[PDB]
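S.K.: Please see the structure below; I have some questions.
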Amino acid sequence: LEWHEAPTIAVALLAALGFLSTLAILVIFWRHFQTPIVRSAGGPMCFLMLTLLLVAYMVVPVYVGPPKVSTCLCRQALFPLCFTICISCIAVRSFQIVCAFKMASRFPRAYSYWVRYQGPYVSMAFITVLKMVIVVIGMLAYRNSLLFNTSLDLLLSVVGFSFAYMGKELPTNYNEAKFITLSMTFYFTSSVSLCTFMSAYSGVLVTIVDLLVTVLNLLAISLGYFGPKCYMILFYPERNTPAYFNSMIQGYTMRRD
């Protein structure tokens, strides 16, 4: 996996672009805090996923180079962990949104349990604990091991899709159906093509193909979820105001029909 070789240069510069974009989003969110947009994006959960994205982008060059047990361990230690944490956080936010906007009265008792047992902080913690057991047991035994991780990630993604599916009509700041569908489709097609390509291939430069697939997945899962928000709050400051959020939710709830 040579340092001077045309695909490796392109993925390296693309990872640098992703790192710079994530840094810009982090600084933008930190500067414009206590605003309706960031609080409606997840609050500290956004930072939790964003710094994890930063560290995932930083260790991309570790993938490329001479094989090393550190690199092979980090392959599944951080990048799939990034995918899983990001997907679980997005799905948890979608469930919270669809539970505040709907089924708070349809399923009243269940919401009391959900908010009384620290559901947002427990459903995320369970996901991390569950996956790390799968990761270590996976290494105990390219296609077979990745199949379990892709199945888990796709199950999480389809859970998020099925839960945001009922929320097409939610306001544009609480509706992420488009991003969820795009990211789920991209992850599914990339994983399927990759798994097909593991078997019928030469066996060399497949590492570069897999690295490019993972880096593109990270780039999409960061941009499609954060770029629109910072676009709104940098170019349309009028659209970032508590009065505007009040008016938008009020207009959604009591529709003229």
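Simple scheme: letters A, B, ... for chains in structure tokens order, numbers from 1 for residues in each chain, numbers from 1 for ligands in the order shown.
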Could you give me, as number ranges by chain, the residues within 10 Å of residue 180 (chain A), counting only C-alpha atoms and dropping anything in the same chain fewer than 2 positions from it?
M.R.: A: 87, 90-91, 94, 157-158, 160-162, 164-165, 175-178, 182-186, 221, 224-225
S.K.: Pick out the residues sitting within 12 Å of residue 189 (chain A), and hand them over as a ChimeraX atom specification; count only C-alpha atoms, and ignore anything fewer than 5 positions along from it in its own chain.
M.R.: /A:150,154,182-184,194-196,213,217
S.K.: Please write the residues from the selection above to a file, keeping N, CA, C and O atoms, as an mmCIF file, in the first residue's frame.
M.R.:
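The result, stored in part35.cif:
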```
data_model
loop_
_atom_site.group_PDB
_atom_site.id
_atom_site.type_symbol
_atom_site.label_atom_id
_atom_site.label_comp_id
_atom_site.auth_asym_id
_atom_site.auth_seq_id
_atom_site.Cartn_x
_atom_site.Cartn_y
_atom_site.Cartn_z
ATOM 1 N N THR A 150 -21.890 -5.020 9.418
ATOM 2 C CA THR A 150 -22.781 -4.376 8.460
ATOM 3 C C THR A 150 -24.237 -4.706 8.756
ATOM 4 O O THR A 150 -25.111 -3.852 8.593
ATOM 5 N N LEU A 154 -26.863 -1.839 9.570
ATOM 6 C CA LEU A 154 -28.048 -1.713 8.733
ATOM 7 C C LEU A 154 -29.322 -1.881 9.544
ATOM 8 O O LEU A 154 -30.327 -1.236 9.240
ATOM 9 N N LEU A 182 -30.889 8.682 2.364
ATOM 10 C CA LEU A 182 -29.678 8.760 1.556
ATOM 11 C C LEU A 182 -28.530 7.998 2.207
ATOM 12 O O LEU A 182 -27.833 7.220 1.547
ATOM 13 N N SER A 183 -28.326 8.201 3.510
ATOM 14 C CA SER A 183 -27.226 7.539 4.198
ATOM 15 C C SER A 183 -27.435 6.033 4.264
ATOM 16 O O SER A 183 -26.485 5.266 4.079
ATOM 17 N N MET A 184 -28.665 5.588 4.529
ATOM 18 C CA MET A 184 -28.939 4.157 4.571
ATOM 19 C C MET A 184 -28.693 3.517 3.214
ATOM 20 O O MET A 184 -28.063 2.458 3.120
ATOM 21 N N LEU A 194 -18.756 -3.817 -1.657
ATOM 22 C CA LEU A 194 -17.508 -4.204 -1.014
ATOM 23 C C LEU A 194 -17.477 -5.699 -0.727
ATOM 24 O O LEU A 194 -16.508 -6.385 -1.067
ATOM 25 N N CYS A 195 -18.547 -6.226 -0.125
ATOM 26 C CA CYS A 195 -18.582 -7.644 0.213
ATOM 27 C C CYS A 195 -18.484 -8.506 -1.036
ATOM 28 O O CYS A 195 -17.830 -9.556 -1.025
ATOM 29 N N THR A 196 -19.128 -8.083 -2.125
ATOM 30 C CA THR A 196 -18.962 -8.795 -3.385
ATOM 31 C C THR A 196 -17.514 -8.736 -3.861
ATOM 32 O O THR A 196 -16.973 -9.734 -4.352
ATOM 33 N N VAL A 213 -14.063 3.371 0.628
ATOM 34 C CA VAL A 213 -15.475 3.177 0.947
ATOM 35 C C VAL A 213 -15.778 3.697 2.348
ATOM 36 O O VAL A 213 -16.754 4.425 2.564
ATOM 37 N N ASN A 217 -18.085 6.894 3.395
ATOM 38 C CA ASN A 217 -19.190 6.746 4.337
ATOM 39 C C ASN A 217 -19.101 7.784 5.446
ATOM 40 O O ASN A 217 -20.105 8.408 5.804
#
```
S.K.: I'd like to know which of A:39, A:239, A:142, A:98 is closest to residue 203 (chain A), using only C-alpha atoms.
M.R.: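 Closest candidate: A:142.
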S.K.: Considering only C-alpha atoms, can you say which of A:254, A:49, A:152, A:219 comes closest to residue 19 (chain A)?
M.R.: A:219
S.K.: Taking the DSSP assignment computed from this structure's backbone, write out as number ranges by chain all residues of region 36-210 of chain A that belong to alpha helix (DSSP H).
M.R.: A: 36-41, 44-58, 60-63, 69-77, 79-101, 108-116, 119-140, 143-164, 177-199, 206-210
S.K.: Keeping only C-alpha atoms, write the selected residues to a file as a CSV table (one decimal), in the first residue's frame.
M.R.:
```csv
chain,number,residue,atom,x,y,z
A,36,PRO,CA,-32.4,26.8,18.8
A,37,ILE,CA,-30.6,25.0,16.0
A,38,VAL,CA,-27.9,23.3,18.0
A,39,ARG,CA,-30.3,22.5,20.8
A,40,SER,CA,-32.6,21.0,18.2
A,41,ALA,CA,-29.8,19.1,16.6
A,44,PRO,CA,-24.0,17.7,23.5
A,45,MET,CA,-24.7,14.6,21.4
A,46,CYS,CA,-23.7,16.6,18.4
A,47,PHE,CA,-20.3,17.3,20.0
A,48,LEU,CA,-20.0,13.7,21.1
A,49,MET,CA,-20.4,12.5,17.5
A,50,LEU,CA,-18.4,15.3,16.0
A,51,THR,CA,-15.2,14.8,18.1
A,52,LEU,CA,-15.5,11.1,17.4
A,53,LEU,CA,-15.7,12.0,13.7
A,54,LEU,CA,-12.6,14.1,14.1
A,55,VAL,CA,-10.6,11.3,15.7
A,56,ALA,CA,-11.8,8.9,12.9
A,57,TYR,CA,-10.6,11.3,10.3
A,58,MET,CA,-7.2,11.8,12.1
A,60,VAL,CA,-7.1,7.6,8.4
A,61,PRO,CA,-3.4,7.7,7.4
A,62,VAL,CA,-2.7,4.9,9.9
A,63,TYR,CA,-4.8,2.7,7.6
A,69,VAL,CA,-1.0,-5.3,14.1
A,70,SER,CA,-1.8,-1.9,15.4
A,71,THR,CA,-3.3,-0.9,12.0
A,72,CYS,CA,-5.2,-4.2,11.7
A,73,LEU,CA,-6.6,-3.8,15.2
A,74,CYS,CA,-7.5,-0.1,14.6
A,75,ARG,CA,-9.3,-1.1,11.4
A,76,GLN,CA,-12.3,-2.4,13.3
A,77,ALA,CA,-11.6,-0.6,16.6
A,79,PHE,CA,-14.0,3.3,12.0
A,80,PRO,CA,-16.9,0.8,12.5
A,81,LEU,CA,-17.2,2.2,16.0
A,82,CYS,CA,-17.6,5.7,14.5
A,83,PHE,CA,-20.3,4.4,12.1
A,84,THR,CA,-22.2,2.6,14.8
A,85,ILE,CA,-22.1,5.5,17.3
A,86,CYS,CA,-23.1,8.1,14.7
A,87,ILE,CA,-26.0,5.9,13.4
A,88,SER,CA,-27.2,5.2,16.9
A,89,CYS,CA,-27.1,8.8,17.9
A,90,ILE,CA,-29.0,9.8,14.8
A,91,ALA,CA,-31.6,7.1,15.5
A,92,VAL,CA,-31.9,8.1,19.1
A,93,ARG,CA,-32.4,11.8,18.2
A,94,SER,CA,-35.1,10.7,15.6
A,95,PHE,CA,-36.9,8.6,18.2
A,96,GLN,CA,-36.8,11.5,20.7
A,97,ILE,CA,-38.2,13.9,18.1
A,98,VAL,CA,-41.0,11.5,16.9
A,99,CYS,CA,-41.8,10.8,20.6
A,100,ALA,CA,-42.1,14.5,21.5
A,101,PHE,CA,-44.1,15.4,18.4
A,108,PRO,CA,-48.3,8.2,27.5
A,109,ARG,CA,-47.1,5.7,30.2
A,110,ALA,CA,-44.1,4.5,28.1
A,111,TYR,CA,-42.7,8.0,27.8
A,112,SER,CA,-42.6,8.4,31.6
A,113,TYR,CA,-40.4,5.3,31.7
A,114,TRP,CA,-38.3,6.5,28.8
A,115,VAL,CA,-37.6,9.9,30.4
A,116,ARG,CA,-37.4,8.6,34.0
A,119,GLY,CA,-33.5,6.5,28.1
A,120,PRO,CA,-31.5,8.8,25.8
A,121,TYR,CA,-28.4,8.1,27.8
A,122,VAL,CA,-29.1,4.4,28.3
A,123,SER,CA,-30.1,3.3,24.7
A,124,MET,CA,-26.8,4.9,23.5
A,125,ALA,CA,-24.7,3.2,26.2
A,126,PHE,CA,-26.3,-0.2,25.5
A,127,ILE,CA,-25.4,0.1,21.8
A,128,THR,CA,-21.7,0.8,22.6
A,129,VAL,CA,-21.6,-2.1,25.1
A,130,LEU,CA,-23.3,-4.5,22.7
A,131,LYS,CA,-21.1,-3.7,19.7
A,132,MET,CA,-17.7,-3.9,21.5
A,133,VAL,CA,-18.6,-7.4,22.6
A,134,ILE,CA,-19.4,-8.2,19.0
A,135,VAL,CA,-16.1,-6.7,17.9
A,136,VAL,CA,-13.9,-8.7,20.2
A,137,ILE,CA,-15.8,-11.9,19.5
A,138,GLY,CA,-15.5,-11.2,15.8
A,139,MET,CA,-11.7,-11.0,15.9
A,140,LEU,CA,-11.7,-14.3,17.9
A,143,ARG,CA,-16.2,-11.0,4.4
A,144,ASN,CA,-17.6,-13.0,7.3
A,145,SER,CA,-16.4,-10.7,10.1
A,146,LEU,CA,-17.7,-7.6,8.3
A,147,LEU,CA,-21.0,-9.2,7.6
A,148,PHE,CA,-22.0,-9.0,11.3
A,149,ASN,CA,-21.0,-5.4,11.7
A,150,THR,CA,-22.8,-4.4,8.5
A,151,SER,CA,-25.9,-6.3,9.6
A,152,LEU,CA,-25.9,-4.5,12.9
A,153,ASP,CA,-25.3,-1.1,11.3
A,154,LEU,CA,-28.0,-1.7,8.7
A,155,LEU,CA,-30.5,-2.8,11.4
A,156,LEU,CA,-29.8,0.4,13.3
A,157,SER,CA,-30.2,2.4,10.1
A,158,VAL,CA,-33.5,0.7,9.2
A,159,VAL,CA,-34.7,1.3,12.7
A,160,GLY,CA,-33.9,5.0,12.3
A,161,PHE,CA,-35.7,5.0,8.9
A,162,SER,CA,-38.8,3.3,10.2
A,163,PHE,CA,-39.0,5.7,13.1
A,164,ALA,CA,-38.5,8.9,11.0
A,177,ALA,CA,-36.1,11.5,6.5
A,178,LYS,CA,-34.1,12.6,3.4
A,179,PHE,CA,-30.7,12.3,5.1
A,180,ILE,CA,-31.6,9.0,6.7
A,181,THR,CA,-32.8,7.5,3.4
A,182,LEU,CA,-29.7,8.8,1.6
A,183,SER,CA,-27.2,7.5,4.2
A,184,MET,CA,-28.9,4.2,4.6
A,185,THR,CA,-29.0,3.6,0.8
A,186,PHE,CA,-25.3,4.7,0.5
A,187,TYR,CA,-24.2,2.5,3.3
A,188,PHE,CA,-26.2,-0.5,2.0
A,189,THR,CA,-24.9,-0.2,-1.6
A,190,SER,CA,-21.3,0.4,-0.5
A,191,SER,CA,-21.3,-2.5,1.9
A,192,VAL,CA,-22.9,-4.9,-0.7
A,193,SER,CA,-20.4,-3.9,-3.4
A,194,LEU,CA,-17.5,-4.2,-1.0
A,195,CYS,CA,-18.6,-7.6,0.2
A,196,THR,CA,-19.0,-8.8,-3.4
A,197,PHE,CA,-15.5,-7.4,-4.2
A,198,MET,CA,-13.7,-9.1,-1.4
A,199,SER,CA,-14.0,-12.5,-3.0
A,206,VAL,CA,-8.5,-4.0,-2.1
A,207,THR,CA,-7.3,-2.3,1.0
A,208,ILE,CA,-7.4,1.0,-0.8
A,209,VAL,CA,-10.9,0.3,-2.1
A,210,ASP,CA,-12.2,-0.6,1.4
```
S.K.: Pick the closest to residue 16 (chain A) from A:33, A:252, A:215, A:2: which is it, counting only C-alpha atoms?
M.R.: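 Counting only C-alpha atoms, the residue closest to residue 16 (chain A) is A:215.
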S.K.: Hey, which of A:78, A:170, A:11, A:248 ends up closest to residue 102 (chain A)? Count only C-alpha atoms.
M.R.: A:170
S.K.: Select, from A:8, A:220, A:117, A:34, the residue with the minimum atom-to-atom distance to residue 242 (chain A), counting only C-alpha atoms.
M.R.: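 Smallest separation from residue 242 (chain A) among the options: A:34.
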S.K.: Point out the residue among A:171, A:228, A:103, A:201 with the least atom-to-atom distance to residue 251 (chain A), counting only C-alpha atoms.
M.R.: A:171
